[PDB]
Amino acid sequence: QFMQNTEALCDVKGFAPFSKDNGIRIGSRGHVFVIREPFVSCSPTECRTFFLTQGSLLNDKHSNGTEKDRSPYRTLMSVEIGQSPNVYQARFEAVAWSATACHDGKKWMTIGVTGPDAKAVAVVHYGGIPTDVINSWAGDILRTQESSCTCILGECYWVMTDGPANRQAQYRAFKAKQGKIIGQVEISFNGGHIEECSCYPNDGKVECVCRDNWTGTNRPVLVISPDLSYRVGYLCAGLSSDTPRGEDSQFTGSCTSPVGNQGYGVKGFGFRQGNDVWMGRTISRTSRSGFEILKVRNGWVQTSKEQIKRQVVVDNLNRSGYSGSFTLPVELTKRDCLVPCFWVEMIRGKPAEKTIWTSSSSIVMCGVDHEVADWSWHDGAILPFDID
């Protein structure tokens, strides 16, 4: 039986710690993969942590980062949520330097994108084998979520980008059923930029909160229906959630336009909560450091700056990275609704830190019906390592 995921997303008051894998700590001595872009996604039986290795291990000569962010050795693998991304526990998924995965109730789907910059190949797997391919249509680093995709009535949905890092690119959503792409849509968004979407199911549609890497310190929101009609705009809330971003007191929300006058960004998430929203961001507006989650009243519908909750997960003295959304299935929680959860990546090493390598660890939070007190579940690795 295929997962419905047509339930409303639960309205959540705080987030409880789910897991912490301590990858880098363990990887000081154990045999753990160098990774980046480690997202969480769930089947009806288990939550798995997916990650992109660089085909090398921590504390090995091959972790040296003379290589490309995309390389031939990179692969998408997985472990049960909470395990480190270690060699001996790892499930191979796809060849990939960008990916998305998600379970339809019967099987894992997975899409790893690899090949050259000018002509990337994304390969859909299903049941553990290649079932379909989507080639670069715009010739410039075909790419996708680096977080969970989203399946609704046994059909699966994901967002990809192809084009410039730093100016107008091109954006499609895809629709798959059992590893066969049965539909796509070209997403009109001129002046806006979309990458790395964080998507989750809500009341029968896919909702995404993505990264604008061109002009905007606010994140695009893309809401896609089963049949592929969509709405695109920006996160309405009167707070900024990208980094780098400006001050809060320097910032006016927009439902329709990137605001703030900066490039770059980072991947992140957020959850529609009726008309409200929970929105993650780094505590530093200049760096990938600290992580907070902010609940804003009416922030999904209006340029509100009514904050009603804030909850810190990583302190501003400690590294963070990417963050992304996912939901717990009803077959696991037995609820009326879909439980929202996020992961945070905690990037360690060069250039920030004086090592030859760069990796990432993670912690996973989930929505609960009781507020939850601040703390920091940071990465905690003592750098530099022996190989350095």
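Start at 1 with the first residue shown and count on from there.
The stretch with the higher mean CA B factor, choosing between 125-133 and 222-230, is 222-230. With 326-334 and 24-32 compared on mean CA B-factor from the PDB entry, the stretch scoring higher is 326-334. Within the listed group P351, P38, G55, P340, the record reports its top CA B-factor for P351.
By the numbers in the PDB entry, the CA B factor is greatest at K309 among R211, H103, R91, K309. In this PDB entry, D276 carries a Cα temperature factor that places it within the highest third of its chain's modelled residues. Ranked by Cα temperature factor within the chain, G204 sits in the middle third according to the deposited record. In the deposited entry, the Cα temperature factor of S360 places it in the middle third of its chain's modelled residues. Placement of the Cα temperature factor of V313 within the chain: middle third of the modelled residues, per the deposited record. For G265, the recorded CA temperature factor ranks within the middle third of the chain's modelled residues.
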